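First up is the structure itself, then whatever we jot down about it.
Number of protein chains: 2
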Amino acid sequence: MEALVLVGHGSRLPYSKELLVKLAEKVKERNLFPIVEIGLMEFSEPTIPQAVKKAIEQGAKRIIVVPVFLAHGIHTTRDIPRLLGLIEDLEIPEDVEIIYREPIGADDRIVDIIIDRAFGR
Amino acid sequence: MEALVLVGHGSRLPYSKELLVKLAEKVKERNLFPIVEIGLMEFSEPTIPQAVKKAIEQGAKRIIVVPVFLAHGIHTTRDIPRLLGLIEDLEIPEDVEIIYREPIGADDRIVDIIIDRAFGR
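Each protein sequence line maps, in turn, to chains B and A. Mind the numbering: the first sequence is residues 1 to 89, 112 to 143 in PDB author numbering, read in order. Mind the numbering: the second sequence is residues 1 to 89, 112 to 143 in PDB author numbering, read in order.
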């Protein structure tokens, strides 16, 4: 009924996709959502429209798109809102409403993790 | 003696740099290292070399660089190790050695944070 779509930059190296796959798995074992799909913005599959479509065909009527990026940038302000038919100027999504969330930001867990990496953990 | 450098991507919008600034402040407040600096790889200032340099002239002999990026990609494998004279292409005194850490990766706290964002927290 609601779907969670985890959405990333995408890269030509495979670490970006692998990252989304690991994150998707980990939330799958939290058993919080009916449906969980990942989408990558650029040069990697699946794409964000493929993921949105997949959510819909799986039954879901309220789609939560969460951008897995550290800060706002072009992609989160122009490219993605476009790709979702949320901004006026290859895909439009039937009768279902799209719910576009905020990025990660300067979160305290991110400082936690930074300390860990600094000590070679 | 030891320094922490936080290093980020950078963008033409200012949110990425602002994000680094917040992160740097917050780790300063945990009082863990003698020095803390930031650099931005692209567009903005300070630059990564400016940051490394800045730490050195301030006394630091082991420089711990943490890449504030979600996955390995080009920047964490090529651009940043380059900028730190870690791969043959930055004259650093042989009395100082640079220690390059892991990115964030698919850490469990990142799944925590993603759940929060999915709820609009």
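Built from N, CA and C at the ideal position, the CB exists for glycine as well.
Check, Outcome
"For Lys26 (chain B), decide whether its Cβ has a neighbour in chain A, counting only Cβ atoms nearer than 7 Å.", "yes"
"Report the rounded CA-to-CA distance for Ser16 (chain A) versus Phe43 (chain A), giving the unit in angstroms.", "11 Å"
"Are the C-beta atoms of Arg82 (chain A) and some chain B residue less than 7 Å apart?", "no"
"On the three-state DSSP scale, how would you describe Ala3 (chain B)?", "strand"
"Closer than 9 Å, Cβ to any Cβ of chain A: which residues of the segment 115-143 of chain B, in chain order?", "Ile121, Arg123, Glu124, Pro125, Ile126, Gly127, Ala128, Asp129, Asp130, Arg131, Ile132, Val133, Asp134, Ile135, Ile136, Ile137, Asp138, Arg139, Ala140, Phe141, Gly142, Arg143"
"Any beta-carbon of chain A closer than 7 Å to the one on residue 95 (chain B)?", "Chain B lacks the residues between 89 and 112, and residue 95 (chain B) is one of those with no coordinates."
"Along chain A, in chain order, which residues have C-beta atoms closer than 9 Å to that of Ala71 (chain B)?", "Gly8, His9, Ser11, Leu13, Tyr15, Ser16, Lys17, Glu18, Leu19, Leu20"
"Taking only beta-carbon positions, decide if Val65 (chain B) is within less than 7 Å of chain A.", "no"
"Give the residues of chain E in contact with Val52 (chain B), contact being defined as C-beta atoms less than 7 Å apart.", "Note that chain E does not occur in the displayed structure, where the protein chains are B and A."
"What residue from B:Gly85, B:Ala140, B:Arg139 has the CA that sits closest to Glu119 (chain B)'s CA?", "B:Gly85"
"Note down the Cα distance separating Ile137 (chain A) from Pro49 (chain A), rounded to an integer number of angstroms.", "36 Å"
"For the beta strand (DSSP E) that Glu37 (chain A) lies in, which residues bound it at each end?", "35-40"
"Please report how far the alpha carbon of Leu70 (chain B) lies from the alpha carbon of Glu113 (chain A), in whole angstroms.", "31 Å"
"Measuring only between beta-carbons, confirm whether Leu86 (chain B) sits less than 7 Å from chain A.", "no"
"In the DSSP output, what is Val66 (chain B) paired with across the bridge?", "B:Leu6"
"Would you report the Cα separation of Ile38 (chain B) and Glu88 (chain B), rounded to the nearest angstrom?", "24 Å"
"In terms of residues, what are the limits of the alpha helix (DSSP H) holding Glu18 (chain A)?", "15-28"
"Just the Cα atoms here: how many angstroms apart are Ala55 (chain A) and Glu29 (chain A)?", "18 Å"
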